[PDB]
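Structure data (mmCIF, C-alpha atoms and all ligand atoms) from data05.cif:
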```
data_input
#
loop_
_atom_site.label_atom_id
_atom_site.label_comp_id
_atom_site.auth_asym_id
_atom_site.auth_seq_id
_atom_site.Cartn_x
_atom_site.Cartn_y
_atom_site.Cartn_z
CA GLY A 1 61.98 -61.79 66.35
CA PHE A 2 59.58 -63.68 64.10
CA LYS A 3 56.79 -63.84 66.74
CA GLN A 4 57.00 -60.09 67.33
CA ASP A 5 56.90 -59.54 63.57
CA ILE A 6 53.57 -61.40 63.46
CA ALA A 7 52.31 -58.92 66.10
CA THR A 8 53.69 -55.91 64.16
CA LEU A 9 52.01 -57.04 60.96
CA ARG A 10 48.74 -58.01 62.69
CA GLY A 11 48.53 -54.64 64.47
CA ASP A 12 48.05 -52.91 61.11
CA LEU A 13 47.32 -55.90 58.94
CA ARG A 14 45.39 -54.18 56.13
CA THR A 15 48.11 -51.57 55.59
CA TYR A 16 51.01 -54.02 55.62
CA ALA A 17 49.09 -56.52 53.49
CA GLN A 18 48.38 -53.89 50.82
CA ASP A 19 51.96 -52.59 50.88
CA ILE A 20 53.58 -56.02 50.65
CA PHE A 21 51.19 -57.28 48.00
CA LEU A 22 51.86 -54.19 45.88
CA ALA A 23 55.62 -54.63 46.42
CA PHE A 24 55.20 -58.18 45.08
CA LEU A 25 53.29 -57.09 41.97
CA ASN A 26 55.63 -54.20 41.33
CA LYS A 27 58.75 -56.42 41.60
CA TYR A 28 57.15 -59.18 39.49
CA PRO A 29 54.70 -57.40 37.20
CA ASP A 30 53.82 -60.58 35.28
CA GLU A 31 52.18 -61.86 38.48
CA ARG A 32 49.41 -59.28 38.08
CA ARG A 33 47.92 -61.52 35.35
CA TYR A 34 46.54 -63.79 38.07
CA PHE A 35 44.38 -60.94 39.44
CA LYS A 36 42.45 -59.90 36.36
CA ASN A 37 40.55 -57.15 38.21
CA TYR A 38 43.79 -55.40 39.25
CA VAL A 39 45.15 -55.02 35.72
CA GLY A 40 45.48 -51.38 34.66
CA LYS A 41 44.88 -49.92 38.13
CA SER A 42 47.16 -47.57 40.02
CA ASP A 43 47.93 -48.26 43.67
CA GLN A 44 45.33 -45.67 44.82
CA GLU A 45 42.64 -47.02 42.51
CA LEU A 46 43.26 -50.50 43.99
CA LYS A 47 42.70 -49.03 47.38
CA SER A 48 39.08 -48.04 46.47
CA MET A 49 38.08 -51.49 45.27
CA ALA A 50 36.41 -53.55 48.01
CA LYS A 51 37.88 -56.82 46.80
CA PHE A 52 41.47 -55.39 46.89
CA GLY A 53 41.64 -54.56 50.59
CA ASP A 54 39.55 -57.62 51.44
CA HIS A 55 41.71 -59.93 49.31
CA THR A 56 45.00 -58.64 50.66
CA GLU A 57 43.90 -58.63 54.29
CA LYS A 58 42.48 -62.17 54.09
CA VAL A 59 45.63 -63.46 52.40
CA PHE A 60 47.83 -61.95 55.08
CA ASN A 61 45.54 -63.09 57.88
CA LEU A 62 45.95 -66.67 56.67
CA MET A 63 49.69 -66.11 56.22
CA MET A 64 49.92 -64.94 59.83
CA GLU A 65 47.96 -67.96 61.07
CA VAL A 66 50.34 -70.28 59.20
CA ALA A 67 53.30 -68.31 60.56
CA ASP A 68 52.02 -68.45 64.12
CA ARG A 69 51.35 -72.22 63.94
CA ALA A 70 54.87 -72.87 62.66
CA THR A 71 57.66 -74.03 64.98
CA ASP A 72 61.02 -72.36 64.34
CA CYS A 73 59.71 -71.16 60.95
CA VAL A 74 58.71 -74.68 59.86
CA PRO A 75 55.02 -74.59 58.83
CA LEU A 76 52.55 -77.37 59.38
CA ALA A 77 52.08 -79.69 56.41
CA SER A 78 48.30 -79.32 56.90
CA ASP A 79 48.62 -75.55 56.33
CA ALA A 80 50.63 -76.09 53.14
CA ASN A 81 47.90 -78.52 52.05
CA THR A 82 45.20 -75.90 52.59
CA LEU A 83 47.14 -73.51 50.32
CA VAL A 84 47.67 -76.11 47.56
CA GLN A 85 44.03 -77.29 47.62
CA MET A 86 42.40 -73.84 47.39
CA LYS A 87 40.61 -73.57 44.06
CA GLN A 88 42.06 -70.07 43.69
CA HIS A 89 45.57 -71.53 43.73
CA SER A 90 44.95 -74.40 41.30
CA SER A 91 47.14 -73.08 38.50
CA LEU A 92 50.07 -71.85 40.63
CA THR A 93 53.54 -73.31 41.06
CA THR A 94 55.93 -72.95 43.98
CA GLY A 95 57.77 -70.21 42.05
CA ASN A 96 54.73 -67.92 42.48
CA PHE A 97 55.10 -68.31 46.26
CA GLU A 98 58.87 -67.88 46.06
CA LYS A 99 58.36 -64.51 44.36
CA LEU A 100 55.91 -63.37 47.03
CA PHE A 101 58.39 -64.17 49.80
CA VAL A 102 61.31 -62.54 47.98
CA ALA A 103 59.26 -59.35 47.70
CA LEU A 104 58.10 -59.62 51.35
CA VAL A 105 61.67 -59.97 52.61
CA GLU A 106 62.86 -57.09 50.44
CA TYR A 107 60.06 -54.95 51.80
CA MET A 108 61.01 -55.80 55.39
CA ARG A 109 64.69 -55.04 54.78
CA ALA A 110 63.87 -51.65 53.19
CA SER A 111 61.35 -50.74 55.95
CA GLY A 112 62.26 -48.50 58.83
CA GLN A 113 61.74 -51.42 61.12
CA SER A 114 63.53 -54.24 62.87
CA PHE A 115 61.75 -57.14 61.23
CA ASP A 116 63.52 -60.49 61.52
CA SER A 117 63.93 -60.60 57.74
CA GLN A 118 66.16 -63.68 57.79
CA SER A 119 63.42 -65.66 59.55
CA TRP A 120 60.80 -64.62 56.99
CA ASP A 121 63.13 -65.78 54.23
CA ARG A 122 63.62 -69.14 55.94
CA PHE A 123 59.86 -69.42 56.62
CA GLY A 124 59.22 -68.82 52.91
CA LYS A 125 61.80 -71.45 51.95
CA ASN A 126 60.27 -74.00 54.33
CA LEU A 127 56.75 -73.18 53.11
CA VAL A 128 57.80 -73.69 49.48
CA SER A 129 59.27 -77.09 50.43
CA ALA A 130 55.96 -77.99 52.11
CA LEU A 131 53.89 -76.80 49.15
CA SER A 132 55.94 -78.99 46.82
CA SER A 133 55.49 -82.00 49.10
CA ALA A 134 51.73 -81.34 49.19
CA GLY A 135 51.62 -81.58 45.38
CA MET A 136 52.21 -78.08 43.99
CA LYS A 137 54.26 -78.16 40.80
CA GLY B 1 35.29 -71.93 71.68
CA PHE B 2 37.06 -68.64 72.43
CA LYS B 3 40.26 -69.53 70.57
CA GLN B 4 38.29 -70.55 67.47
CA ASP B 5 36.22 -67.34 67.70
CA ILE B 6 39.41 -65.30 67.36
CA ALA B 7 40.03 -67.10 64.04
CA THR B 8 36.40 -66.61 62.94
CA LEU B 9 36.60 -62.88 63.61
CA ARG B 10 40.04 -62.51 62.01
CA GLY B 11 38.79 -64.31 58.88
CA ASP B 12 36.34 -61.50 58.12
CA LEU B 13 37.70 -58.79 60.38
CA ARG B 14 36.67 -55.60 58.63
CA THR B 15 33.05 -56.76 58.46
CA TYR B 16 32.90 -58.04 62.02
CA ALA B 17 34.80 -55.06 63.46
CA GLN B 18 32.46 -52.58 61.81
CA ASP B 19 29.35 -54.52 62.77
CA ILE B 20 30.37 -54.92 66.40
CA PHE B 21 31.54 -51.31 66.70
CA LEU B 22 28.24 -50.13 65.18
CA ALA B 23 26.36 -52.34 67.64
CA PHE B 24 28.28 -50.58 70.44
CA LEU B 25 27.62 -47.06 69.12
CA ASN B 26 23.92 -47.80 68.49
CA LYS B 27 23.42 -49.35 71.94
CA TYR B 28 25.34 -46.45 73.61
CA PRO B 29 25.00 -43.39 71.35
CA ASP B 30 26.56 -41.00 73.87
CA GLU B 31 29.82 -42.92 73.54
CA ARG B 32 30.23 -41.09 70.22
CA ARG B 33 31.47 -38.11 72.23
CA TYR B 34 34.90 -39.74 72.53
CA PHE B 35 35.24 -39.90 68.75
CA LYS B 36 35.28 -37.35 65.97
CA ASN B 37 32.65 -36.80 63.33
CA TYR B 38 30.43 -39.77 64.17
CA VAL B 39 27.28 -38.01 65.39
CA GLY B 40 24.53 -37.33 62.91
CA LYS B 41 25.33 -40.36 60.72
CA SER B 42 23.62 -43.63 59.93
CA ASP B 43 25.52 -46.93 59.82
CA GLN B 44 26.04 -46.75 56.03
CA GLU B 45 27.29 -43.15 56.28
CA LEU B 46 29.81 -44.19 58.96
CA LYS B 47 31.00 -47.13 56.88
CA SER B 48 31.74 -44.81 53.97
CA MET B 49 33.86 -42.44 56.02
CA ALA B 50 37.54 -42.33 55.20
CA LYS B 51 38.68 -43.49 58.69
CA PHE B 52 35.82 -45.43 60.26
CA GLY B 53 36.45 -48.93 58.92
CA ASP B 54 40.22 -48.49 59.30
CA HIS B 55 39.80 -47.37 62.93
CA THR B 56 37.58 -50.37 63.72
CA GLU B 57 40.09 -52.70 62.14
CA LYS B 58 43.02 -51.32 64.13
CA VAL B 59 40.96 -51.65 67.32
CA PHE B 60 39.93 -55.22 66.51
CA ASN B 61 43.39 -56.20 65.29
CA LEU B 62 44.72 -55.33 68.73
CA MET B 63 41.72 -56.76 70.59
CA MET B 64 42.24 -60.08 68.83
CA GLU B 65 45.93 -60.08 69.76
CA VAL B 66 45.04 -59.41 73.41
CA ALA B 67 42.52 -62.28 73.25
CA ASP B 68 45.07 -64.54 71.58
CA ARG B 69 47.76 -63.78 74.21
CA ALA B 70 45.29 -64.54 77.02
CA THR B 71 45.18 -67.83 78.93
CA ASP B 72 41.69 -69.04 79.88
CA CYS B 73 40.27 -65.63 78.89
CA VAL B 74 42.69 -63.80 81.26
CA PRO B 75 44.58 -61.05 79.38
CA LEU B 76 48.22 -60.28 79.99
CA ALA B 77 48.91 -57.45 82.41
CA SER B 78 51.26 -55.93 79.85
CA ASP B 79 48.38 -55.72 77.35
CA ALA B 80 46.18 -54.00 79.95
CA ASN B 81 48.98 -51.56 80.68
CA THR B 82 49.33 -50.70 76.98
CA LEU B 83 45.60 -50.02 76.70
CA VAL B 84 45.63 -47.80 79.79
CA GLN B 85 48.75 -45.85 78.72
CA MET B 86 47.68 -45.13 75.12
CA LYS B 87 47.24 -41.37 74.80
CA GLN B 88 44.02 -42.00 72.85
CA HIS B 89 42.58 -43.68 75.95
CA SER B 90 43.62 -41.05 78.49
CA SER B 91 40.08 -39.93 79.40
CA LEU B 92 38.42 -43.34 79.54
CA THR B 93 37.27 -45.34 82.51
CA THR B 94 36.67 -49.06 82.72
CA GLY B 95 32.92 -48.56 82.21
CA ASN B 96 33.60 -47.54 78.61
CA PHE B 97 35.26 -50.92 78.05
CA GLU B 98 32.46 -52.77 79.81
CA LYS B 99 29.91 -51.23 77.48
CA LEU B 100 31.93 -52.27 74.41
CA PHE B 101 32.00 -55.87 75.67
CA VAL B 102 28.28 -55.86 76.53
CA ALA B 103 27.52 -54.86 72.95
CA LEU B 104 30.03 -57.40 71.58
CA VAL B 105 28.47 -60.27 73.54
CA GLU B 106 24.94 -59.22 72.55
CA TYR B 107 26.02 -59.18 68.89
CA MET B 108 27.51 -62.66 69.20
CA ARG B 109 24.39 -64.07 70.84
CA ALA B 110 22.18 -62.61 68.12
CA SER B 111 24.41 -63.78 65.25
CA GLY B 112 23.81 -66.88 63.15
CA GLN B 113 27.46 -67.88 63.80
CA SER B 114 28.30 -70.23 66.86
CA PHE B 115 30.40 -67.96 69.05
CA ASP B 116 31.32 -68.78 72.63
CA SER B 117 29.62 -65.63 73.85
CA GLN B 118 30.01 -66.52 77.54
CA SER B 119 33.79 -66.65 77.14
CA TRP B 120 33.79 -63.21 75.50
CA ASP B 121 31.74 -61.95 78.48
CA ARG B 122 34.34 -63.40 80.84
CA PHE B 123 37.24 -62.00 78.79
CA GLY B 124 35.68 -58.54 78.90
CA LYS B 125 35.16 -58.74 82.66
CA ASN B 126 38.75 -59.94 83.10
CA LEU B 127 40.01 -57.14 80.86
CA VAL B 128 38.09 -54.59 82.94
CA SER B 129 39.67 -56.06 86.09
CA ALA B 130 43.13 -55.89 84.51
CA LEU B 131 42.56 -52.31 83.32
CA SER B 132 41.64 -51.37 86.91
CA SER B 133 44.67 -53.26 88.26
CA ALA B 134 46.74 -51.27 85.78
CA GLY B 135 45.36 -47.98 87.09
CA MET B 136 42.39 -47.01 84.91
CA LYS B 137 39.64 -45.34 86.91
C1 LIG C 1 51.37 -67.88 51.65
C2 LIG C 1 50.88 -67.26 50.56
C3 LIG C 1 49.41 -67.12 50.22
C4 LIG C 1 48.34 -67.13 51.02
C5 LIG C 1 48.30 -67.20 52.55
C6 LIG C 1 47.17 -66.95 50.19
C7 LIG C 1 45.87 -66.94 50.64
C8 LIG C 1 44.78 -66.66 49.85
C9 LIG C 1 43.44 -66.45 50.40
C10 LIG C 1 43.06 -66.55 51.90
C11 LIG C 1 42.61 -66.21 49.39
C12 LIG C 1 41.10 -65.92 49.45
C13 LIG C 1 40.86 -64.51 49.99
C14 LIG C 1 39.37 -64.24 50.02
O1 LIG C 1 38.60 -64.84 50.82
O2 LIG C 1 38.96 -63.37 49.25
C15 LIG C 1 43.40 -66.25 48.18
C16 LIG C 1 42.96 -66.05 46.90
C17 LIG C 1 43.73 -66.00 45.75
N1 LIG C 1 45.10 -66.21 45.68
FE1 LIG C 1 46.32 -66.59 47.26
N2 LIG C 1 47.54 -66.82 48.88
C18 LIG C 1 48.92 -66.93 48.86
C19 LIG C 1 49.71 -66.86 47.73
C20 LIG C 1 49.28 -66.63 46.43
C21 LIG C 1 50.11 -66.37 45.30
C22 LIG C 1 51.63 -66.42 45.32
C23 LIG C 1 49.31 -66.16 44.24
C24 LIG C 1 49.63 -65.84 42.77
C25 LIG C 1 50.77 -65.35 42.38
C26 LIG C 1 47.94 -66.23 44.72
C27 LIG C 1 46.80 -66.08 43.93
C28 LIG C 1 45.51 -66.00 44.38
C29 LIG C 1 44.35 -65.68 43.59
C30 LIG C 1 44.41 -65.37 42.08
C31 LIG C 1 43.28 -65.66 44.41
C32 LIG C 1 41.82 -65.32 44.08
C33 LIG C 1 41.71 -63.81 43.90
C34 LIG C 1 40.26 -63.40 43.70
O3 LIG C 1 39.32 -64.17 44.00
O4 LIG C 1 40.05 -62.25 43.24
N3 LIG C 1 47.97 -66.53 46.06
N4 LIG C 1 44.71 -66.54 48.48
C1 LIG C 2 39.86 -53.64 74.17
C2 LIG C 2 39.26 -52.58 73.63
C3 LIG C 2 40.00 -51.52 72.83
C4 LIG C 2 41.07 -51.67 72.03
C5 LIG C 2 41.78 -52.97 71.65
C6 LIG C 2 41.36 -50.36 71.47
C7 LIG C 2 42.38 -50.09 70.59
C8 LIG C 2 42.62 -48.87 70.01
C9 LIG C 2 43.62 -48.60 68.99
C10 LIG C 2 44.59 -49.63 68.38
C11 LIG C 2 43.53 -47.30 68.67
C12 LIG C 2 44.32 -46.50 67.62
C13 LIG C 2 45.79 -46.31 67.85
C14 LIG C 2 46.24 -45.57 66.59
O1 LIG C 2 46.45 -46.21 65.53
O2 LIG C 2 46.33 -44.32 66.61
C15 LIG C 2 42.48 -46.72 69.49
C16 LIG C 2 42.14 -45.40 69.46
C17 LIG C 2 41.11 -44.81 70.17
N1 LIG C 2 40.34 -45.46 71.11
FE1 LIG C 2 40.45 -47.40 71.63
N2 LIG C 2 40.49 -49.41 71.98
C18 LIG C 2 39.63 -50.12 72.81
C19 LIG C 2 38.61 -49.55 73.53
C20 LIG C 2 38.20 -48.25 73.47
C21 LIG C 2 36.99 -47.71 74.10
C22 LIG C 2 36.04 -48.54 74.98
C23 LIG C 2 36.93 -46.40 73.78
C24 LIG C 2 35.87 -45.35 74.11
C25 LIG C 2 34.59 -45.67 74.31
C26 LIG C 2 38.06 -46.10 72.91
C27 LIG C 2 38.39 -44.87 72.41
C28 LIG C 2 39.39 -44.56 71.52
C29 LIG C 2 39.62 -43.27 70.90
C30 LIG C 2 38.77 -42.01 71.16
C31 LIG C 2 40.64 -43.44 70.06
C32 LIG C 2 41.29 -42.39 69.14
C33 LIG C 2 40.57 -42.45 67.78
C34 LIG C 2 41.15 -41.40 66.87
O3 LIG C 2 41.70 -40.37 67.33
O4 LIG C 2 41.05 -41.58 65.65
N3 LIG C 2 38.81 -47.24 72.76
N4 LIG C 2 41.94 -47.69 70.30
#
```
Since I need it in another form, could you write the structure as structure tokens?
Amino acid sequence: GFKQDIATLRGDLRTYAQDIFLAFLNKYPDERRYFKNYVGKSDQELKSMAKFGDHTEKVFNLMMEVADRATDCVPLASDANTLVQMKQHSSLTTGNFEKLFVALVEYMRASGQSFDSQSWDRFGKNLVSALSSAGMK
Amino acid sequence: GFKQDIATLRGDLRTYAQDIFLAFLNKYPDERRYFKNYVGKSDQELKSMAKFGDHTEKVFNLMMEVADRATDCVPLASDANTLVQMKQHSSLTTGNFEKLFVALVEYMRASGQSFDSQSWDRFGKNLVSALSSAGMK
């Protein structure tokens, strides 16, 4: 279930984080504009750039902490507030987060593995609700 | 405290994992015999290897999960059993684990960050006890 999926992802967090983040950019290529240093770089080039593996791992670490603090896939409002208030997220809207979760769920469904994809979709939906409540447009 | 420290480490895991693992190898250089291609290299050479940082991160990803699943610094027996049964750990004894935790605690005490080093000492001793209860020599 969802708690085991947090353990699966955490066990190899850097690999999964890079794979899901690239699935997100490759499904929604216009999102790459937010990461000016990733423009024009192949997947293997990105994995040679310190900030790429460090960015993706730190993003997914925080995602897993939010996921683990949730109850029945409902995240804490304080965690949504952290995400809205980050200076790096100041220009984003909830649709940017929707796209990330659509890509994450698609990745899990296409994976060899028994992720609880439905729970990740519901977690993403509940997180988007919380982001909106916390002020994200 | 210990639970916070798990979050601190996870928030910069590749850096901390490498630094702690290097502290272990430098304190106990003959432990390199269990690994491949580490001898004859300085810290910066190790960090630039293809597999070194990734290995440390997989180790620390799992270590942090074992810490997080613990209650009062007591690991789950099932986590000890997994560590004993891993083929990669087939030749180890509990003394190898004790040395890793001695180096980890020394690193935390010497760091500028406010770790609960005594709880990590206790966790390591409890992990050694659980590894022995699970059959490691
Ligand atoms: C639940 C979802 C998300 C989480 C947990 C998250 C978390 C983070 C974290 C922890 C950082 C800082 C990493 C560091 O210390 O280097 C960061 C930076 C950033 N985030 Fe997010 N993020 C999320 C979603 C998004 C989305 C959907 C976008 C845009 C489409 C985005 C755009 C950015 C940008 C542009 C940065 C700064 C990149 C840089 O400094 O190079 N984030 N995010
Ligand atoms: C709680 C402490 C430890 C944890 C959490 C841990 C975890 C791991 C993990 C996750 C792997 C890799 C599994 C894989 O992806 O293939 C691994 C491999 C390995 N571990 Fe440990 N380990 C610990 C302690 C130790 C100690 C103390 C030693 C020896 C001094 C050691 C020796 C090895 C070796 C030799 C490998 C195989 C490396 C390779 O072939 O690339 N481990 N460990």
For the interface of chain A with ligand LIG 1 (chain C) (cut-off 7 Å, counting all atoms listed in the file), please tabulate each contacting residue of chain A alongside its nearest pair of atoms and their separation in Å to one decimal, rows sorted by chain and increasing number, as CSV.
```
residue,atom,partner,partner_atom,distance
A:31,CA,C:LIG1,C25,5.4
A:34,CA,C:LIG1,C30,4.8
A:35,CA,C:LIG1,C30,5.2
A:51,CA,C:LIG1,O4,6.8
A:54,CA,C:LIG1,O2,6.2
A:55,CA,C:LIG1,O2,4.4
A:58,CA,C:LIG1,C10,4.9
A:59,CA,C:LIG1,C7,3.9
A:60,CA,C:LIG1,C5,5.8
A:62,CA,C:LIG1,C5,4.8
A:63,CA,C:LIG1,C5,4.1
A:83,CA,C:LIG1,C4,6.5
A:88,CA,C:LIG1,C31,4.6
A:89,CA,C:LIG1,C28,5.6
A:92,CA,C:LIG1,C24,6.4
A:96,CA,C:LIG1,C22,4.5
A:97,CA,C:LIG1,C22,4.1
A:100,CA,C:LIG1,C22,5.5
```
Resulting file, chosen residues, C-alpha atoms, as a PDB file, in the coordinates of the input:
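Saved file result.pdb follows:
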```pdb
ATOM      1  CA  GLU A  31      52.180 -61.860  38.480  1.00  0.00           C
ATOM      2  CA  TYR A  34      46.540 -63.790  38.070  1.00  0.00           C
ATOM      3  CA  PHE A  35      44.380 -60.940  39.440  1.00  0.00           C
ATOM      4  CA  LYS A  51      37.880 -56.820  46.800  1.00  0.00           C
ATOM      5  CA  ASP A  54      39.550 -57.620  51.440  1.00  0.00           C
ATOM      6  CA  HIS A  55      41.710 -59.930  49.310  1.00  0.00           C
ATOM      7  CA  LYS A  58      42.480 -62.170  54.090  1.00  0.00           C
ATOM      8  CA  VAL A  59      45.630 -63.460  52.400  1.00  0.00           C
ATOM      9  CA  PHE A  60      47.830 -61.950  55.080  1.00  0.00           C
ATOM     10  CA  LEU A  62      45.950 -66.670  56.670  1.00  0.00           C
ATOM     11  CA  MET A  63      49.690 -66.110  56.220  1.00  0.00           C
ATOM     12  CA  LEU A  83      47.140 -73.510  50.320  1.00  0.00           C
ATOM     13  CA  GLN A  88      42.060 -70.070  43.690  1.00  0.00           C
ATOM     14  CA  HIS A  89      45.570 -71.530  43.730  1.00  0.00           C
ATOM     15  CA  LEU A  92      50.070 -71.850  40.630  1.00  0.00           C
ATOM     16  CA  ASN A  96      54.730 -67.920  42.480  1.00  0.00           C
ATOM     17  CA  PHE A  97      55.100 -68.310  46.260  1.00  0.00           C
ATOM     18  CA  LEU A 100      55.910 -63.370  47.030  1.00  0.00           C
TER      19      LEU A 100
END
```
Could you give me chain B least-squares fitted onto chain A (all C-alpha atoms, paired in order), as a CSV table (one decimal) with C-alpha atoms, in the coordinates of the input?
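Wrote it out as result-v8.csv, contents follow:
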```csv
chain,number,residue,atom,x,y,z
B,1,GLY,CA,62.1,-61.9,66.1
B,2,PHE,CA,59.7,-63.8,63.8
B,3,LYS,CA,57.1,-64.4,66.5
B,4,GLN,CA,57.1,-60.7,67.4
B,5,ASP,CA,56.9,-59.8,63.7
B,6,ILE,CA,53.6,-61.7,63.4
B,7,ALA,CA,52.2,-59.4,66.1
B,8,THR,CA,53.7,-56.3,64.4
B,9,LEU,CA,52.0,-57.2,61.2
B,10,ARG,CA,48.7,-58.1,62.8
B,11,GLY,CA,48.6,-54.8,64.7
B,12,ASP,CA,48.3,-52.9,61.4
B,13,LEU,CA,47.4,-55.7,59.0
B,14,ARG,CA,45.4,-53.9,56.4
B,15,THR,CA,48.2,-51.4,55.8
B,16,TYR,CA,51.0,-53.9,55.9
B,17,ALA,CA,49.0,-56.5,53.7
B,18,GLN,CA,48.3,-53.9,51.1
B,19,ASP,CA,51.9,-52.5,51.1
B,20,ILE,CA,53.5,-55.9,50.8
B,21,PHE,CA,51.1,-57.2,48.2
B,22,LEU,CA,51.7,-54.0,46.2
B,23,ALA,CA,55.4,-54.5,46.5
B,24,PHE,CA,54.9,-58.0,45.1
B,25,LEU,CA,52.8,-56.8,42.2
B,26,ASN,CA,55.1,-54.0,41.4
B,27,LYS,CA,58.2,-56.2,41.5
B,28,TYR,CA,56.5,-58.9,39.4
B,29,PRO,CA,53.8,-57.2,37.3
B,30,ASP,CA,53.0,-60.3,35.2
B,31,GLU,CA,51.7,-61.9,38.4
B,32,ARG,CA,48.6,-59.8,37.9
B,33,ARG,CA,47.5,-62.3,35.3
B,34,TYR,CA,46.3,-64.6,38.1
B,35,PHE,CA,44.0,-61.9,39.5
B,36,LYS,CA,41.1,-59.9,38.1
B,37,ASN,CA,40.9,-56.3,37.2
B,38,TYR,CA,44.4,-55.3,38.6
B,39,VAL,CA,46.2,-54.4,35.3
B,40,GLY,CA,46.2,-50.8,34.2
B,41,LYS,CA,46.0,-49.4,37.8
B,42,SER,CA,48.3,-47.5,40.1
B,43,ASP,CA,48.7,-48.3,43.7
B,44,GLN,CA,46.1,-45.8,44.9
B,45,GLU,CA,43.6,-47.0,42.3
B,46,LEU,CA,44.1,-50.6,43.5
B,47,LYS,CA,43.6,-49.5,47.1
B,48,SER,CA,40.3,-47.9,46.3
B,49,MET,CA,38.9,-51.0,44.6
B,50,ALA,CA,36.0,-52.7,46.4
B,51,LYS,CA,37.9,-56.1,46.9
B,52,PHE,CA,41.6,-55.3,46.8
B,53,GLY,CA,42.2,-54.4,50.5
B,54,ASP,CA,39.8,-57.1,51.7
B,55,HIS,CA,41.6,-59.8,49.5
B,56,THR,CA,45.0,-58.7,50.9
B,57,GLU,CA,43.7,-59.0,54.4
B,58,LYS,CA,42.3,-62.4,53.9
B,59,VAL,CA,45.6,-63.6,52.4
B,60,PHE,CA,47.6,-62.0,55.3
B,61,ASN,CA,45.2,-63.2,57.9
B,62,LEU,CA,45.9,-66.8,56.8
B,63,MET,CA,49.6,-66.2,56.2
B,64,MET,CA,49.9,-65.0,59.8
B,65,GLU,CA,48.1,-68.0,61.1
B,66,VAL,CA,50.4,-70.3,59.1
B,67,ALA,CA,53.4,-68.4,60.5
B,68,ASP,CA,52.0,-68.5,64.0
B,69,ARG,CA,51.4,-72.3,63.8
B,70,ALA,CA,55.0,-72.9,62.6
B,71,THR,CA,57.8,-74.0,64.8
B,72,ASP,CA,61.2,-72.5,64.1
B,73,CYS,CA,59.8,-71.1,60.8
B,74,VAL,CA,58.7,-74.6,59.6
B,75,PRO,CA,55.0,-74.5,58.7
B,76,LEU,CA,52.6,-77.3,59.4
B,77,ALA,CA,52.1,-79.8,56.6
B,78,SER,CA,48.4,-79.4,57.1
B,79,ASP,CA,48.7,-75.7,56.3
B,80,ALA,CA,50.7,-76.4,53.2
B,81,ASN,CA,48.0,-79.0,52.1
B,82,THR,CA,45.3,-76.4,52.6
B,83,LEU,CA,47.1,-73.9,50.4
B,84,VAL,CA,47.7,-76.4,47.7
B,85,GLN,CA,44.1,-77.7,47.7
B,86,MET,CA,42.4,-74.3,47.6
B,87,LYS,CA,40.5,-74.0,44.3
B,88,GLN,CA,41.8,-70.5,44.0
B,89,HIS,CA,45.4,-71.8,43.9
B,90,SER,CA,44.8,-74.6,41.4
B,91,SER,CA,47.0,-73.2,38.6
B,92,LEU,CA,49.9,-72.0,40.8
B,93,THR,CA,53.4,-73.4,41.2
B,94,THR,CA,55.8,-72.9,44.0
B,95,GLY,CA,57.6,-70.2,42.1
B,96,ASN,CA,54.6,-67.9,42.5
B,97,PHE,CA,55.0,-68.3,46.3
B,98,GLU,CA,58.7,-67.7,46.2
B,99,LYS,CA,58.2,-64.4,44.4
B,100,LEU,CA,55.7,-63.3,47.0
B,101,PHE,CA,58.2,-64.0,49.8
B,102,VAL,CA,61.1,-62.3,47.9
B,103,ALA,CA,59.0,-59.2,47.7
B,104,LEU,CA,57.9,-59.5,51.4
B,105,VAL,CA,61.5,-59.8,52.6
B,106,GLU,CA,62.7,-56.9,50.4
B,107,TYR,CA,59.9,-54.8,51.9
B,108,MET,CA,60.9,-55.7,55.4
B,109,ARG,CA,64.6,-54.9,54.8
B,110,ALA,CA,63.7,-51.5,53.4
B,111,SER,CA,61.2,-50.6,56.1
B,112,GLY,CA,62.0,-48.4,59.1
B,113,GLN,CA,60.5,-51.2,61.4
B,114,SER,CA,62.9,-53.9,62.9
B,115,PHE,CA,61.7,-57.1,61.3
B,116,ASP,CA,63.6,-60.3,61.4
B,117,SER,CA,63.7,-60.4,57.6
B,118,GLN,CA,66.1,-63.5,57.5
B,119,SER,CA,63.5,-65.5,59.4
B,120,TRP,CA,60.8,-64.5,56.9
B,121,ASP,CA,63.1,-65.6,54.1
B,122,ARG,CA,63.6,-69.0,55.8
B,123,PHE,CA,59.8,-69.3,56.4
B,124,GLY,CA,59.1,-68.7,52.8
B,125,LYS,CA,61.7,-71.2,51.6
B,126,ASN,CA,60.3,-73.7,54.1
B,127,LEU,CA,56.7,-73.0,52.9
B,128,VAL,CA,57.8,-73.6,49.3
B,129,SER,CA,59.4,-76.9,50.4
B,130,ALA,CA,56.2,-77.9,52.2
B,131,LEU,CA,54.0,-76.9,49.2
B,132,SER,CA,56.2,-79.1,47.0
B,133,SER,CA,56.0,-81.9,49.5
B,134,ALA,CA,52.2,-81.5,49.4
B,135,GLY,CA,52.2,-81.9,45.7
B,136,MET,CA,52.3,-78.4,44.1
B,137,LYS,CA,54.4,-78.3,41.0
```
* For chain A, work out the contacting residues on chain B at 12 Å, counting only C-alpha atoms, and write them as a ChimeraX atom specification. => /B:4,6-15,48,50,53-66,68-69
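Interatomic distance, atom CA of residue B:23 to atom CA of residue B:104: 7.4 Å.
The space separating atom CA of residue B:112 from atom CA of residue A:17 comes to 29.0 Å.
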Check: Hey, which of B:25, B:110, B:73, B:136 ends up closest to ligand LIG 2 (chain C)? Count all atoms listed in the file.
Finding: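 Closest residue, counting all atoms listed in the file: B:25.
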Next item on the list: State, in Å with one decimal place, the distance from atom CA of residue B:27 to atom CA of residue B:107.
Entry: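 Atom CA of residue B:27 sits 10.6 Å away from atom CA of residue B:107.
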